[PDB]
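Below you will find one chain, with nothing else, as structure tokens; this is the form deposited in one PDB entry, and questions on how it binds or moves follow later.
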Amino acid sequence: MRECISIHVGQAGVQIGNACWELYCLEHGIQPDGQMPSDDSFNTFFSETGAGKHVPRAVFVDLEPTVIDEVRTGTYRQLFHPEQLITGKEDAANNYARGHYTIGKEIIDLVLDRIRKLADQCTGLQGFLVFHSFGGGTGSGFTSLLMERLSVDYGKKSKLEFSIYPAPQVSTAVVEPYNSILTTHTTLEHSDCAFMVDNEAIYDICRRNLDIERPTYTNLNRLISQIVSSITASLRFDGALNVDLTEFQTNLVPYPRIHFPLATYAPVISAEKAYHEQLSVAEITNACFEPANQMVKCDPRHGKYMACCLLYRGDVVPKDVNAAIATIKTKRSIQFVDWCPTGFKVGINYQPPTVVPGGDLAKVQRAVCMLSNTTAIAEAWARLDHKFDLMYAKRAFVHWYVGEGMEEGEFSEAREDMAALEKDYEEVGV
């Protein structure tokens, strides 16, 4: 019934997966051994065994073993079956070409064989949720290779991404802009909808809202997990809005290439906030239109909306929501493209957002996640494209990719595709 297969690629993808699956278990009342004392929509993400154990419909892949070794030794080692945790020996060394060709082509068949085994257990497979970074050799190269191979094996089946956009505060490779552009070009025609998560936006929210002096991946992932859970709650719980993967595309994607929605989450409150009580529906809704709560750094006031979805969770009443949307209409200079229905799409789940016990986030009575397709997101591509241009003009580090069987033409091709994408965002809502 309506299954969704999650694929976690490379370090970022695997570590975000750990945070997501930990949170899903807490949300559905599933214990770390797969047992639940609590049919139901969570079955789209968890299969059930004869022994009453609930197993994530997921595959974890990394070309090096260390990150996944933590999953198979950690809390949650009994949650996943060993066959769904796949590791090689040598990583892609922050090189897209090693991920896509040299190293990736060694494990691709095995990964497809494991996804095939998971798909065989599905009666109504909707498609795939792919988690990866843009910057890593596996996250970039292996993901693009996997995306191409999934289009061959699954045809028309929906594929959504959760992509980690690089930030220098936490970057590990000088070549991240190259890896980002190459993966974006290769994956573009294979992805239906992609939610970019800018590590700088998350880093700044952790610093500003959670009073974390120096955010670590642990801090970033707990916050990322909260946004992912909001986006996937529509699939894992019984709603009206974005109940399936096809509904994501219909509601957020007006043009095939313009498939990058902006997520805005509110409220993000520190566990140390002691007297400061509960935020209203109006307050949390207003917070969605402020750039500081965004998952990607960009300015929507400088852009045009082409689709808007508000996903509320907890103590929220429809009368409170409509009142909030109406005031937003009279307030903020919120412009929609001329060729579009100027209207929001509202989702309301009565379960308040769940927080991980020793986490940095406070438990709130009501939260909201706004998903918006805005031309302002083109600013994130421009930042990345400029860094690419600076290095590429000198062919700096190019030898590393060419050595692994890539052609220089692939760099030019990828960059021209990015230039056409920037041109598309400009043309859209002229």
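Shifts are known only where both forms have a C-alpha. Superpose the two forms; the largest set of C-alphas matching within 1.5 Å is the rigid core. One-based numbering along the sequence shown.
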query	finding
Residue 38 unmodelled in at least a third of other compared entries	yes
Missing from the model but present in the deposited sequence, between residue 38 and residue 39	4 to 9
118-126 or 259-267, whichever carries the higher mean Cα B-factor	118-126
374-382 set against 42-50, stretch whose average Cα temperature factor tops the other in the entry	42-50
C-alpha B-factor winner, where the candidates are 180, 169, 293, 78	78
Maximum C-alpha temperature factor, selected from 221, 232, 199, 333	333
Residue 393, C-alpha B-factor rank within chain (lowest, middle or highest third)	lowest
Third of chain Cα B-factors occupied by residue 305	middle
Residue 311 by Cα B-factor - lowest, middle or highest third of the modelled chain	middle
Residue 237 CA temperature factor, ranked by third within the chain	highest
For residue 8, the third of its chain into which the C-alpha B factor falls	lowest
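Omitted here: the form deposited with a partner chain bound. The next part is about that form.
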property: Candidate from 356, 292, 346, 279 lying within 4.5 Å of the partner chain in the bound PDB entry - any heavy atom; result: 346
property: One residue of 194, 271, 241, 287 in contact with the partner chain, assessed in the bound PDB entry (non-hydrogen atom, 4.5 angstroms); result: 241
property: Joint contact, 318, 322 and 325 to the partner chain in the bound PDB entry, by non-hydrogen atom at 4.5 Å; result: yes
property: Options 224-232, 292-300, 346-354, 260-268; stretch whose heavy atom lies within 4.5 Å of the partner chain in the bound PDB entry; result: 346-354
property: Listed options 240, 110, 174, 317; Cα moving by 2 angstroms or more between this form and the one not shown (core superposition); result: 240
property: CA of residue 219, rigid core aligned, shift of 2 Å or more between this form and the one not shown; result: no
property: Core-superposed C-alpha of residue 249 shifting 2 Å or more between this form and the one not shown; result: yes
property: Closer or farther in the bound PDB entry, the Cα atoms of residue 365 and residue 243, when the shift from this form is 3 Å or more; result: closer
property: Cα separation of residue 285 and residue 244 in the bound PDB entry versus here, shift of 3 Å or more; result: closer
property: Displacement runs between this form and the one not shown, C-alpha, 2 Å or more, three or more consecutive residues, core aligned; result: 239-249
